[PDB]
Amino acid sequence: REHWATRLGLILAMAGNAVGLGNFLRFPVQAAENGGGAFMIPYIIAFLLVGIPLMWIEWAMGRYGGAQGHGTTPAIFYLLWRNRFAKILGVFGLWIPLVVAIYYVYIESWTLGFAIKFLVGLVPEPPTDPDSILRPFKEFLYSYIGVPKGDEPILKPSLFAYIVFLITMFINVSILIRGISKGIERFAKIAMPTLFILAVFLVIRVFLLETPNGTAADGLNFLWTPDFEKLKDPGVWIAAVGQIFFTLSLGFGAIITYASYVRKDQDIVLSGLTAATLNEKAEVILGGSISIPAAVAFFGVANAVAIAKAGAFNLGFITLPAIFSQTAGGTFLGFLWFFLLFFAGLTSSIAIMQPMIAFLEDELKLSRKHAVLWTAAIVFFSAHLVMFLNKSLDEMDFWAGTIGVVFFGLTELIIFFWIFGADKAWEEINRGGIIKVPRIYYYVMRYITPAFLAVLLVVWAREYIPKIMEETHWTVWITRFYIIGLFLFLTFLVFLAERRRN
Ligand SMILES: CC(C)C[C@H](N)C(=O)O
Ligand code: NA
Ligand code: NA
């Protein structure tokens, strides 16, 4: 089996997995919608009671499986629990990352396309009226991905966007095809440093922004000022947990796959802890100190929150660059912003494609080259669904990147810390660890975490089961139909892999 060359390379590879579009895009929005400081309390709690224990659990399961030549859940679940149903459940460890990757890579191609156009200097040129400053960039984004005037189902992506998406796919392949140590590890040792330093630079510059309407400092205050009146709102907790799962790449089966390349005897405790800690630093300190504080600076808190509630891409692809355009060298600043997003997204996109590749290599015994090329083909082909179908991206993000990851996180924990045995799991987690997990986390993993996730899922289902059936748009049923097709497709490959073994 292939392994990580150095401990450092391992750490930065995992950090590149977590730290991504979720930090500079999803987080600012989630925190803004949930009342800044009021969102932070549940967020931290969710990080302690959910993020860390699951992180360690996934690392353990990964290395455990990897030692026997299996990096994906279909096999690993079976190793932890003997049952056909264990394999069927493990199919999500492939379905989830694949579905998410389909649209994730596309968003990543956006940041790239933007990074290019902003570098060359081809951008809209605003003239004191907020709308007259934002409108040009709204039209700019809409022209790029091809957004309809009214609410129309079909998207018309510009040739440039499509070509950029091809390039993005190429870059992803060029990295993945070189292997774990030579391809992913090498890139991580470069991208991450660049990323952190670009992020750092952007946080400085942004913090310097101050206008008659507000300051970046007002934004930092808003984000870090505690509010206890929102603690009784379940929605805040649900959003916090969802963000923790997404940002830490938990429930995507990515962490597990990466961990399967860690040598049986190498530490996963301190490594895992360090990776997660880096992500949070990149999330709360970097991610939350760029977008929000800038919006608040120019438009004020109220408007900033309104803009955040407007959409997820509205703050990242429209508001921020529009704000930069009003400053000296704002065009170049916008470039660094999209270059940062691109490197963050690229480091994550490769991570959610690897689980599929690892399955083909491990279970179907395909060469790395073939495994990568076929994975890219599937993603690229499926991407047309997200590219040309409005609301398809949202549907995938929801079913896979929201519900799926939580459901899968609960499943893997139940299989590992319950069926497989709590003590055995604990012993497996701490084995070889440079430091040992606090004893208390034993009771967190076995009782607290699973219960909280279960309650969450129950609450969700109660609200969603009626809404699903009554949804007017056909694009979602097409998306649903197709991803269900993808699931069946993957189950069939597992069947073949199972048959080859015999
Ligand atoms: C799906 C995951 C790879 C997402 C990543 N953890 C992020 O924060 O963007
Ligand atoms: Na990343
Ligand atoms: Na992240």
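Don't worry about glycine lacking a Cβ; one is built from the backbone with ideal geometry, like all the others, and counts go over all protein chains shown. Throughout, read-outs are computed from the coordinates displayed, never taken from laboratory work.
Please work out the Cα center distance from the range 101-121 to the range 1-71, rounded to the nearest Å.
Here the answer is 24 Å between Cα centres.
Collect residues whose amide H, placed 1.01 Å from N in the peptide plane, falls under 5 Å from the amide H of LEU389; neighbours closer than 5 in sequence don't count.
Placed amide hydrogens put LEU155 under 5 Å from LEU389.
Which order do the peptides 226-236, 406-416 take when ranked by the mean count of other beta-carbon atoms within 10 Å per residue, highest first? Could you put the intermediate results ahead of the total?
Numbers: 226-236: 12.7, 406-416: 22.4.
Ranked by mean Cβ neighbours within 10 Å, highest first: 406-416, 226-236.
With the dipole of the chain worked out from charges on the C-beta (+1 for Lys and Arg, -1 for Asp and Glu) around the Cα centre, which of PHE380, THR128, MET40 lies farthest toward the positive end?
Ranked along the dipole, the leading option is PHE380.
Counting only C-alpha contacts under 8 Å and six or more residues apart, can you give the relative contact order of the range 327-433 as a whole percent? Let's see the in-between values first.
On the way: 23 pairs, mean separation 10.0, N = 107.
Relative contact order for the range 327-433 comes out at 9 percent.
Give or take rounding to whole Å, what are the principal axis extents of the alpha carbon atoms in the chain, in descending order?
Here the Cα extents, ordered largest to smallest, are 70, 49, 47 Å.
I'd like to compare 146-152, 290-296, 323-329, 90-96: which one has the highest average count of other Cβ atoms within 10 Å, and what's the full order after that? Mind showing how you got there, number by number?
Details: 146-152: 10.1, 290-296: 27.4, 323-329: 16.4, 90-96: 25.7.
Peptide ranking by packing, descending: 290-296, 90-96, 323-329, 146-152.
Given the peptides 193-203, 243-253, 454-464, 388-398, arrange them by the average over their residues of other C-beta atoms within 10 Å, most packed first.
Working: 193-203: 17.1, 243-253: 28.4, 454-464: 12.7, 388-398: 20.4.
Top of the packing list down: 243-253, 388-398, 193-203, 454-464.
Whole number please: convex hull volume per residue, Cα atoms of the range 457-502, in Å³.
84 Å³
Answer rounded, prolate or oblate for the range 354-502, using the Cα gyration tensor with square roots of eigenvalues a ≥ b ≥ c: rounded when a/c is under 1.5, else prolate when a/b is larger than b/c, else oblate. Please report the intermediate quantities before stating the final value.
On the way: a/c = 2.39, a/b = 1.24, b/c = 1.92.
Here the range 354-502 falls in the oblate category.
Would you work out which of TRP110, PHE408, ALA422 lies farthest towards the positive end of the dipole of the chain? Charges go on Cβ: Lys and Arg +1, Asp and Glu -1.
Going by the Cα projections, it comes out as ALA422.
Under the Karplus relation 6.51 cos²θ - 1.76 cosθ + 1.60, θ = phi - 60°, what is the ordered set of whole-Hz ³J(HN,Hα) values for the range 468-473, x standing for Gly and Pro?
4, 4, 9, 9, 5, 5
Work out the length of the dipole vector of the chain about its Cα centre, built from +1 on the beta-carbon of each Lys and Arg and -1 on the beta-carbon of each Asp and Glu, and round it to the nearest 20 debye. Walk me through the numbers on the way to the answer.
Numbers: 38 positive and 34 negative charges, 344 e Å.
Approximately 1660 debye in magnitude.
Working from the alpha-carbon coordinates of the range 99-216, get Rg over Rh, Rh being the Kirkwood radius.
Here the Rg-to-Rh quotient is 1.04.
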